[PDB]
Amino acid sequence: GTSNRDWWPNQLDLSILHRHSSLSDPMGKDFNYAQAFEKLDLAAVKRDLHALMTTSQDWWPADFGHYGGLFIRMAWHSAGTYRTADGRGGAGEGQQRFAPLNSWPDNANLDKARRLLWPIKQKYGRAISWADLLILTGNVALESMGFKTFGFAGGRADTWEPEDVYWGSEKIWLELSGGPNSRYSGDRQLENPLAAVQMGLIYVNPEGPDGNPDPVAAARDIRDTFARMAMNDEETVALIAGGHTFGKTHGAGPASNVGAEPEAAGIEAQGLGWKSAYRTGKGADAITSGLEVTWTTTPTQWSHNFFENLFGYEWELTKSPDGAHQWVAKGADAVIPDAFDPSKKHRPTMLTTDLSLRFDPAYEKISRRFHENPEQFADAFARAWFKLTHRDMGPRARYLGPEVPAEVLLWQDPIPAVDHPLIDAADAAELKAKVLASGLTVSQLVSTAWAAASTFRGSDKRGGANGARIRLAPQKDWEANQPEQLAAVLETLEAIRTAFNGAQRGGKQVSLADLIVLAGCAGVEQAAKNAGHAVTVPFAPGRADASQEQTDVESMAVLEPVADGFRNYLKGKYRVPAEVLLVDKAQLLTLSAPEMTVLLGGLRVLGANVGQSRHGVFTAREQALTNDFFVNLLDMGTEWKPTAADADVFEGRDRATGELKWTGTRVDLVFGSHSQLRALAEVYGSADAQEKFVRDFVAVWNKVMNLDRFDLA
């Protein structure tokens, strides 16, 4: 069946904006997962999980009689797809059960782990999501084996279809670097937004970089990929040594024995894959990665034996039964247990990437400190495991249940509690009137509130106007935010705020976070008024102001908009067309095609463009909220041509006279070009659409203002 994607493989793809519709969701329109989970008996689930760890199923027998290691791995892979660049991946939507992740080679045999959990999923039904369950099971595994976790939060709602994520351009699973779709260039520079060394891997190659077993050079890939998952050196050592305190790898026989991954398997396989022809195909004969390493003398118990071994022996290169490179301690006694035969013991073994922890000079200092002080190791791994498994969950307001840790961590971008009465509707009207009387313009008001709110991304639920981080480093200095104009606006708003708070009785006060958003509302209302329309923009107070000390400047860097088509802004020259970056930003902001369309056409005529550019400002009444963008864009009396100086800027000229009327960018003109976007623009550019345009603009404006307001959920 030949498709549009085949005929026009470079057209913009809008279907990413309409995933996760009510059509695909089996739960009713009013189903609220938070409410279901809040009544779950979490202790009873955990008791069932605890029992499961030692209840072996014959179709996938438990190593050492304990599934703990398999489930830690499952839970680390669920969380380990996360990329700080865009917030995509991570455990927060249970995407390991869908394509492509369910069939990545690094997820081999995790289908078995998920199937072992079906009886418990089934028992508790909608009260616990798959997404939550994968992580909870990892925690219970750790607890059952003697490790004290840092806590657990529920609240990850299930999704019902694959997310659209750019995982790379390679067309071959696990393809070595330097091919025609190489994710590397320069001196081993991995392209953004990617966070793994090869297609279908979580982070790095366990044999070493493109299979070269050099622990020193493997360390470089480890450090780079972990950093791209937001983990520093201490957290990376803790997590890798922590995880490899448990279980074993599986490489009993040659990998040519292993059949089709789950999405390619026969229907009879009932969602499982990697069926193996090697001996029994499972248990003692299991093949997963092709490596055959067991790290500790007690694989089903927390210990400090990973570092005891790593430092206590000298290591020699050897090959597994699939020919993969790995390491053995030859001077050692056979002290490591066999997973199925009580009369067999084995020498200690390590992966190339484990030895990275000892032979990279920076990691060795951390590993030594953890070796000498296993209490510090345990605390670091607990904190890192929590961060790993929660990093994409959003503000603490989304955390559910009785085990949420009370310690507030800097990586959570914390927001102080509000301990005072909020402004009411009358107070909000008085504040809007003072904002408008200060002389701040519609353009300034709208640009500032847009700049504060539009940092939100739905992928990990970071960003948004809550916190007033726009006044702090680094957001106050981001080029897109127009640092000098921003500073002038914030100074006037802060004087309004000081006066208003100073006049109050009884504890009432307004945060700068709320006032920045409310001021933006007043600019939209004024713009509507300038066009002859009386509207009220909704506004919900309750944001609080975060301090500079509560704001990790380096972690904020990924939220900088380097492309924001809603402000006609491109920080530099990119390989990806500007219109594709626009749909990418729309997806992160959780907007549908119609909402992206209304919003951008309004922002254009309100003066939200960076630098006061005229590109796309197709109106003679700037700062009035009208549908002028669409009416003028779609006017066939105007002819458009790329400029001689810049092919990404277009001149719109009267077709008869040649007079220059407008200029625009690819972001502006795609609304007149793309067949679906133009059909949208036509709705808003029709003679009967002034009221609809205004109402829909206000609704999406309000939606953007509230994206991070999980305190009102």
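Residue positions are given as counts along the sequence shown, with the first one as 1.
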property: Stretch with the greater mean C-alpha B-factor as recorded in the entry, comparing 465-473 against 338-346; result: 338-346
property: Mean Cα B-factor comparison, 589-597 or 187-195, giving the higher one as deposited; result: 187-195
property: Maximum C-alpha temperature factor, selected from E235, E170, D584, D379; result: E170
property: Top Cα B factor in the deposited entry, candidates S447, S103, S367, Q504; result: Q504
property: CA B-factor ranking of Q35, expressed as a third of its chain; result: highest
property: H66, C-alpha B-factor rank within chain (lowest, middle or highest third); result: middle
property: Entry-reported Cα temperature factor of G664, expressed as the chain third it lands in; result: middle
property: CA B-factor ranking of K275, expressed as a third of its chain; result: highest
property: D111 - Cα temperature factor, lowest/middle/highest third of chain; result: lowest
